[PDB]
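Asker: Next input, structure requested:
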Amino acid sequence: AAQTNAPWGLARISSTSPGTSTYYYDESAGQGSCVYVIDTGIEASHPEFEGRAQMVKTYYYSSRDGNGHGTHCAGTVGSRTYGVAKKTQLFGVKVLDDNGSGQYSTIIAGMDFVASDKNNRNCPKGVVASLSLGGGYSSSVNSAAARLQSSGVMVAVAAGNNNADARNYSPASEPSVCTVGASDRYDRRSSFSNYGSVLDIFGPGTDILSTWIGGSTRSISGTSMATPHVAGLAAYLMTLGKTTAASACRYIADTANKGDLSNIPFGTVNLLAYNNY
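Answerer: Numbers count the residues shown, from 1 in each chain. There you are, the coordinates:
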């Protein structure tokens, strides 16, 4: 399948080169997979979600996304126009308040929630979790992400936006999950992207168009925007039977575009997520 005039990051994920604007993907499009977006919520009535998004948990007085960040990330995973996996099921877990903040104890509870809640959902092709959030190093946060991965969920986490080594941030620094850095449309490391040996992969993260609250769209930047590209890619590849939740990060790294990015610090992988379609 081909989507013309796609957001640059979708085109990038299906291309060996920067500078094109058509996204190519197998029409299965992540059908039968599920992606949990652990964030500020999802405006599930957005026409772009086509009834495939739903809230499954909140830790606040409402499940509404009063921020936009979670809706944007969910759109990059799975919206019809802005998403990688255009037929996946999206599940929102609101661990962040409408200012985008959340306590680590709430974030941990949300991760353990997903590890159990997937047993209440129909995801025959597999389960992914996208965590566009983080803060300073916490062994308890890393352990929660490790448990979620161990339970059979492909966990993709943002590297962080500190232009620093991700070893000092969580859950970015957890070795067993997929830690995602950000790149721009010219295949440069995004100026804010964290780096270091703990990164597994880069995805598009500068100037990413996606869904927003109020039935709208906008372009924003961050490792938060790169992470859902990788989460959606995992769901897509699992639907194709190419990989599994336990192996998808490694598979994405193995099949990535290699050596294409600039300003990659010595010791950080030079790997850009690629669907090999």
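Asker: When you work out contacts or count neighbours from here on, use the C-alpha atoms and nothing else.
Answerer: Noted.
Asker: Which residue is the nearest non-sequential neighbour of residue 225?
Answerer: For residue 225, ignoring the flanking residues on the chain, the nearest one in space by C-alpha to C-alpha, 6 or more residues apart in numbering is residue 205 at 4.9 Å.
Asker: and that neighbour, how far is that from residue 198?
Answerer: Residue 205 sits at a distance of 18 Å from residue 198 (criterion: C-alpha to C-alpha, to the nearest Å).
Asker: Now for residue 265: which residues touch it?
Answerer: 195, 196 (C-alpha atoms under 8 Å, 6 or more residues apart in numbering).
Asker: So it belongs to a strand, correct?
Answerer: No: per DSSP: H, G, I helix; E, B strand; the rest coil, residue 265 lies outside any strand segment and is coil.
Asker: what's the distance between it and residue 182?
Answerer: 13 Å.
Asker: Show me the strands in the stretch 51-200 of the chain, by range?
Answerer: 53-58, 89-94, 126-131, 135-136, 154-158, 169-170, 178-183 (DSSP state E, counting those that start in this stretch).
Asker: and residue 252, which of those strands is closest to it?
Answerer: strand 178-183 (9.6 Å; C-alpha to C-alpha).
Asker: Would you mind writing the CA trace of the closest one as PDB?
Answerer: Taking Å, rounded to 0.1, in the frame of the first residue of the first chain, the C-alpha atoms of strand 178-183 are listed here in PDB:
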ATOM      1  CA  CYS A 178      13.600  -0.500  23.500                       C
ATOM      2  CA  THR A 179      15.000   2.900  24.000                       C
ATOM      3  CA  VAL A 180      14.300   5.300  21.200                       C
ATOM      4  CA  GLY A 181      16.300   8.400  20.100                       C
ATOM      5  CA  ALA A 182      15.000  11.100  17.700                       C
ATOM      6  CA  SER A 183      16.200  12.100  14.200                       C
END
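Asker: And the helix or strand just after that strand, what does it pack against?
Answerer: Toward the C-terminus, strand 178-183 is succeeded by strand 201-204 as the next helix or strand (DSSP states H and E). In terms of contacts (3 or more C-alpha pairs under 8 Å, 6 or more residues apart in numbering; DSSP states H and E), strand 201-204 is packed against helix 8-13, strand 178-183, helix 223-239, strand 271-272.
Asker: what lines up beside the helix or strand just after strand 201-204 in the sheet?
Answerer: Next in sequence after strand 201-204, counting helices and strands by DSSP H and E, comes strand 208-212. If you go by DSSP bridges, strand 208-212 pairs up with strand 216-220 (antiparallel).
Asker: The partner strand to helix 223-239, inter-axis angle?
Answerer: 110 degrees (axes from the mean of the first three to the mean of the last three C-alpha atoms, to 10 degrees).
Asker: Just the buried positions in strand 216-220, please.
Answerer: By 16 or more other C-alpha atoms under 10 Å, the buried positions in strand 216-220 come out as residue 217.
Asker: quick one, phi psi at residue 36?
Answerer: phi -90, psi 130 (degrees, to the nearest 10).
Asker: check contacts around it.
Answerer: 90, 91, 92, 93, 114, 127, 128, 129, 130.
Asker: Ok, residue 51 next?
Answerer: 44, 45.
Asker: Residue 197 now?
Answerer: Residue 197 sits in contact with 167, 267, 268, 269, where contact means C-alpha under 8 Å, 6+ apart.
Asker: Rebuild those as TSV, extending it with distance to residue 122 and neighbour count.
Answerer: Below are these laid out as TSV (distance: C-alpha to C-alpha, whole Å; neighbours: other C-alpha atoms under 10 Å):
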residue	distance to residue 122	neighbour count
167	35	20
267	40	11
268	37	17
269	35	21
